[PDB]
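What follows is a single structure, written as C-alpha cells, with notes after it.
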Amino acid sequence: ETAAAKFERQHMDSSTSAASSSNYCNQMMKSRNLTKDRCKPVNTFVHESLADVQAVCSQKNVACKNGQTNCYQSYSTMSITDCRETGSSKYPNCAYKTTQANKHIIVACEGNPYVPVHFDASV
Ligand SMILES: Nc1ncnc2c1ncn2[C@@H]1O[C@H](COP(=O)(O)OP(=O)(O)OP(=O)(O)O)[C@@H](O)[C@H]1O
C-alpha cells in the first residue's frame with residue numbers, strides 16, 4: 001500500500017458532502033480498517049474531490065508540526081469530519097464522536113507525482 005493510497009483510505013471521502021448522522025465515524029472508522037489492530041484515537045476525513053485535496057500540494061507552504069517544510073495549507077475552507085474516540089469505547093467496540101466542520105486543511109506532500117501522504121492539521 002503506497003503512502004498516497006494509505007492517505008486516501010484514512011482521510012478521503014468523496015462519497016458524501018458531509019456526515020449527516022452523529023454515527024458517521026462509527027461506520028467509517030470500521031469500514032476503512034482504522035479500528036483493526038486497536039482503536040485509532042482521532043481521525044479526520046475530508047469531503048472533497050481527490051483532485052481538490054491533491055491540488056493542496058501547491059497551495060500555501062507552511063511549517064509542518066514535525067519541523068519539515070513539505071506542508072501546505074489550503075486557501076479555501078473544506079468540508080471535514082473529525083472522529084474522536086469516546087472514553088466509554090473499548091476495543092473491539094470502538095465508538096466515536098462525529099464532528100462536522102469547515103476548516104482549512106494542512107497536509108504534507110511527497111513523491112513524483114507530488115501527492116498528499118500525511119494530514120498535519122486543520123485551522
Ligand atoms: N512533514 C511530515 N510530517 C509527518 N509525516 C510525513 C511528513 N512528510 C511525509 N510524511 C510521511 O507520511 C506518512 C504517513 O504519516 P502518518 O501515518 O502520521 O499519516 P496520518 O494520515 O497523519 O496518520 P494519522 O491519521 O494517524 O495522524 C509517513 O510515512 C511519513 O513519512
Side-chain angles (χ1 to χ4, degrees), residues 1-16 18-19 21 24-29 31-35 39-83 85-89 91-96 98-123:
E1 206 192 7
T2 64
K6 193 182 172 230
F7 173 89
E8 296 175 37
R9 176 173 57 89
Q10 313 196 99
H11 299 298
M12 289 302 296
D13 185 37
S14 327
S15 277
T16 53
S21 93
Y24 170 92
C25 287
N26 286 315
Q27 285 193 262
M28 283 307 323
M29 293 297 276
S31 53
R32 297 293 180 94
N33 297 48
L34 297 191
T35 65
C39 292
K40 180 171 185 212
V42 310
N43 189 68
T44 292
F45 288 97
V46 183
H47 309 282
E48 304 285 352
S49 37
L50 169 73
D52 285 6
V53 181
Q54 285 181 341
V56 173
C57 301
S58 59
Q59 297 181 11
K60 182 176 178 55
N61 186 224
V62 292
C64 296
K65 289 160 162 255
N66 80 339
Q68 281 184 257
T69 65
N70 68 323
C71 284
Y72 304 81
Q73 184 192 304
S74 65
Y75 299 113
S76 296
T77 68
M78 292 190 155
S79 178
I80 65 160
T81 305
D82 279 335
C83 302
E85 196 177 20
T86 66
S88 75
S89 162
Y91 182 80
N93 301 328
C94 305
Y96 294 100
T98 294
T99 312
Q100 183 56 43
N102 278 109
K103 282 187 150 209
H104 307 283
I105 71 163
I106 306 178
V107 289
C109 310
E110 284 190 309
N112 179 20
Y114 207 58
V115 283
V117 294
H118 164 74
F119 198 99
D120 222 44
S122 58
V123 278

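Index from 1, following the sequence. First listed ligand is number 1; within each ligand, the first listed atom is number 1. Basis for what follows: all heavy atoms, side chains included, without hydrogens, waters or symmetry-related copies.
- Under the rule for a side chain to side chain donor-acceptor pair (under 3.5 Å), the partners of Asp120 that lie at least two apart in sequence or sit in another chain are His118.
- A donor-acceptor pair shorter than 3.5 Å can be found between the side chains of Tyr24 and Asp13.
- Under the rule for a side chain to side chain contact (heavy atoms under 4.5 Å, CB included), the partners of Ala4 that lie at least two apart in sequence or sit in another chain are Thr2, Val115.
- Listed as neighbours of ligand 1 are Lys6, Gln10, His11, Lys40, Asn43, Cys64, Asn66, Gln68, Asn70, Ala108, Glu110, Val117, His118, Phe119, each bearing a heavy atom under 4.0 Å from the ligand.
- The SG atoms of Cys94 and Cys39 lie less than 2.5 Å from each other.
- Note on ring orientation: taking the six-membered ring where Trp is involved, the planes of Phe7 and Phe119 are parallel (angle under 30°, cut-offs 30° and 60°).
- Evaluation of the side chain to side chain donor-acceptor pair (under 3.5 Å) rule for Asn112 yields no partner, not counting sequence neighbours.
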